[PDB]
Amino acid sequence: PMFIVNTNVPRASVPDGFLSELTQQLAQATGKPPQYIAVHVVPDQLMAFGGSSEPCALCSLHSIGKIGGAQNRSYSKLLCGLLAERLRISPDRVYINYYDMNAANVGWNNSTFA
């Protein structure tokens, strides 16, 4: 899976080890080995949420499987939780888009996962 966080929080406010923590927690939450987890954190962004430039985040989680109604509620609780604790972003200023990819539409290592 792939997890992307775009935020207007400054780079200095992102803890060291945040990328490793995300990797570990996503591995547990999705049941995927950590070897397959990619995480991308984009701070210092020009963003507004509801008209306001208070801290906010726009996120995406792409996976082959492990996406659905109930799992996505679980992931939202986990990820809003981590962003609130570590980046000090309110969970009502977070959107997370979930994408269930087909394996033929994910390239890796000169081929696809199909």
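Quick note: we count residues from 1 along the sequence shown, nothing fancier.
The stretch with the higher mean CA B factor, choosing between 53 to 61 and 67 to 75, is 67 to 75. Stretches 11 to 19 and 94 to 102 differ in mean C-alpha B factor, with the higher average recorded for 11 to 19. For the set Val42, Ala38, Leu26, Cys80, the PDB entry assigns the largest Cα B-factor to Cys80. Among all modelled residues in its chain, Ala48 ranks in the middle third by Cα B-factor.
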